[PDB]
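Values below: every heavy atom of this structure, side chains too, minus hydrogens, waters and symmetry copies. In what follows, residues are counted from 1 in the order of the sequence shown.
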Amino acid sequence: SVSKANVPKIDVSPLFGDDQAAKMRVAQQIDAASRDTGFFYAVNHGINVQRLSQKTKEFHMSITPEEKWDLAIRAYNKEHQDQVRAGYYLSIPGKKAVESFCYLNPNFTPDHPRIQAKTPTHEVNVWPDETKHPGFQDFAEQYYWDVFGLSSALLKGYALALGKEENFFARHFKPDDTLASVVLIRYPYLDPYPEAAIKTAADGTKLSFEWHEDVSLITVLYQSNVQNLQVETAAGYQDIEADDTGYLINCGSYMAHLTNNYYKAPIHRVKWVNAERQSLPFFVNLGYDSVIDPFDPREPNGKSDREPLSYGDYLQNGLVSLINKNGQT
Ligand SMILES: N[C@@H](CCCC(=O)N[C@@H](CS)C(=O)N[C@@H](C(=O)O)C1CC1)C(=O)O
Ligand SMILES: [Fe+2]
């Protein structure tokens, strides 16, 4: 068997309030989890995840092949050269099971200064036809802001955990410019399930997505109640329990950089499971020009021998590297 990973449930509700002592007690729990397996479940987060799941299912199960081409990123549709990040990521029946829809900051409109400048990693979202998907765009944009709010609260907790003032990360995480993305991933049930869509780990475990560290500051994830994730620990890969009432939180490699690996970006992978399910990550990314000076909370003077890295540089390079390592999703 595989051992169960320690993934504590942390009540994050004080991070929305003004009880500073209570916030510190939450920060300590985040610190402990970040130093152990690198994962925890945020509970009492205030988001209606059942409705998120229902609206997402309605979208995934009603979108047609025609609409998928019309929304497709450039990896699938050469006509859409502006769509590197945002849009539809098609399955390939017989070869690739997973499919998804990615969207970015709703404030990236045609008149946004970064859109006008054609700055890398900024795109205007594409949406299906409103008549075919009534309410979907509005729901999805509102969801972005709901999970942005949770993420801002979580970032106050991580800042306090690291010995900083609570706005240390959040001051770089702003509605007008965040590079954060939502991805609505569908993992299908298939009978037969094509072997070409199943990868195999060195230890023999059947996978849908190989080992990686996240390209993010933190990752704020909702998934269906079907166990699939594993995290590498000193004791080997361990199973992360599912919990479709909470958000699974972990650090990405930008956090590891900024903290000199005090909070590591945990290595994790996705087991192959033949089940119809949802994986709905929010990747907490800062602004394109955001730079936090690296530090080390294990060193008396707090100094680090790492060089500052702008978030835009980090992100553009990280997303390409992840595609090169683990394949186009
Ligand atoms: N397209 C997105 C980035 C996608 C990065 C990516 O492919 N991530 C993987 C590894 S974290 C991913 O989303 N995998 C999901 C899965 O396979 O279920 C995860 C975290 C829920 C953007 O432009 O921001
Ligand atoms: Fe990941």
- [ ] Decide whether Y314 and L155 are clustered together by the hydrophobic rule: side chain heavy atoms of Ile, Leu, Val, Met, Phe, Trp, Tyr closer than 4.5 Å, transitively.
- [x] yes

Open item on the list: In this structure, would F108 and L286 fall into the same cluster of hydrophobic residues linked by side-chain contacts under 4.5 Å?
Closed with: yes

Task: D203 versus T205, side-chain donor and acceptor atoms under 3.5 Å - done: yes

Task: Parallel, tilted or perpendicular: ring planes of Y144 versus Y103, cut at 30 and 60 degrees - done: tilted

TODO: Kindly say whether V98 contributes a backbone atom to a donor-acceptor pair with the side chain of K96 at under 3.5 angstrom?
DONE: yes

Open item on the list: Aromatic contact between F168 and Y158, with the criterion being ring centroids under 6.0 Å apart: yes or no?
Closed with: no

Open item on the list: Would you say the ring centers of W127 and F101 fall short of 6.0 Å from each other?
Closed with: yes

Task: Under 3.5 Å donor-acceptor, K325 side chain and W211 backbone - done: yes

TODO: For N44, look at atom CG and say whether over 12 heavy atoms of other residues, nucleotides or ligands are found less than 6.0 Å away.
DONE: yes

Open item on the list: So which atom in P188 and which in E276 form the shortest heavy-atom distance, rounded to 0.1 Å?
Closed with: CA-OE1, 3.4 Å

TODO: Examine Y288 and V291 and state if one hydrophobic cluster contains both, with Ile, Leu, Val, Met, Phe, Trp and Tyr joined whenever side-chain heavy atoms are less than 4.5 Å apart.
DONE: no

Task: In one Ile/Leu/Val/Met/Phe/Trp/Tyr side-chain cluster, 4.5 Å: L322, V320 - done: no

TODO: Report yes if the distance between the aromatic ring centroids of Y311 and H172 is under 6.0 Å, otherwise no.
DONE: no

Open item on the list: Between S3 and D239, is there a side-chain heavy-atom distance shorter than 4.5 Å?
Closed with: no

- [ ] Quick one: closest heavy-atom pair of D214 and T219, and the distance?
- [x] OD2-OG1, 2.7 Å

- [ ] Kindly say whether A235 contributes a backbone atom to a donor-acceptor pair with the side chain of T233 at under 3.5 angstrom?
- [x] yes

TODO: Give a yes or no answer on whether the side chain of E123 reaches the backbone of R85 with a donor-acceptor pair at less than 3.5 Å.
DONE: yes

Open item on the list: For a ring-ring contact (aromatic ring centres under 6.0 Å, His included) check, start with the C-alpha distance between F136 and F139, then their side-chain angles and the critical distance, and finish with the verdict.
Closed with: CA-CA 5 Å; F136 173 71; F139 175 78; 7.7 Å; no

- [ ] Might you point out which heavy atoms bring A42 and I249 nearest each other, and give the distance in Å?
- [x] CB-CG1, 4.0 Å

TODO: Heavy atoms only: give me the nearest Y76-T329 pair and the separation to one decimal.
DONE: OH-C, 3.4 Å

Open item on the list: Within the 3.5 Å criterion, strictly below it, is a donor on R298 or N260 matched to an acceptor on the partner's side chain?
Closed with: no

- [ ] Assess the side chains of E67 and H133: does a donor N or O sit below 3.5 Å from an acceptor N or O?
- [x] yes

TODO: Taking only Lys NZ, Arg NE, NH1 and NH2, and the carboxylate oxygens of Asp or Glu, determine whether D289 and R114 approach each other closer than 4.0 Å.
DONE: yes

Open item on the list: Treating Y41 as the side-chain partner and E241 as the backbone partner, does any N or O pair qualify as donor plus acceptor under 3.5 Å?
Closed with: yes

- [ ] For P281 and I185, work out which heavy atoms get closest and say how close.
- [x] CD-CD1, 3.9 Å

- [ ] Examine distances only and state if a side-chain atom of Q223 and a backbone atom of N225 form a donor-acceptor pair shorter than 3.5 Å.
- [x] no

Open item on the list: I want to check a possible cation-pi pair here: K271 against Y237, using under 6.0 Å from ring centre and within 45° of the ring axis as the test.
Closed with: no

Open item on the list: I'd like to know if the side chain of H257 and the backbone of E307 have a donor-acceptor N/O pair within less than 3.5 Å.
Closed with: yes

Open item on the list: Whether the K57 and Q54 side chains hold a donor-acceptor pair (N or O, under 3.5 Å, no angle test) is what I'd like checked.
Closed with: no

Task: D129 side chain to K132 backbone, donor-acceptor under 3.5 Å - done: no

TODO: Taking all non-hydrogen atoms of both residues into account, name the closest pair between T178 and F173 and its distance.
DONE: OG1-CE1, 3.4 Å

Task: Co-members of the apolar cluster containing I323 [side chain, <4.5 Å] - done: none

- [ ] To the nearest 0.5 Å, tell me how far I292 CD1 sits from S310 OG.
- [x] 11.5 Å

TODO: Determine yes or no for a side-chain-to-main-chain donor-acceptor pair under 3.5 angstrom, with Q227 supplying the side chain and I240 the backbone.
DONE: yes

TODO: Tell me whether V49 is reachable from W145 by hopping between hydrophobic residues (I, L, V, M, F, W, Y) whose side-chain heavy atoms are closer than 4.5 Å.
DONE: yes

Open item on the list: I'd like to know whether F148 forms a side chain to side chain contact (heavy atoms under 4.5 Å, CB included) with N105, so could you lay out the CA-CA distance, the side-chain angles of the two residues, the decisive distance to 0.1 Å, and finally the verdict.
Closed with: CA-CA 10 Å; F148 180 101; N105 194 331; over 6 Å; no

- [ ] Specify whether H45 and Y247 have parallel, tilted or perpendicular ring planes, treating 30° as the upper limit for parallel and 60° as the lower limit for perpendicular.
- [x] perpendicular

- [ ] Mark yes or no for whether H80, through its side chain, and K78, through its backbone, hold a donor-acceptor pair below 3.5 Å.
- [x] no

- [ ] Would you check if there is a donor-acceptor pair between the side chains of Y262 and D296 at a distance under 3.5 Å?
- [x] no

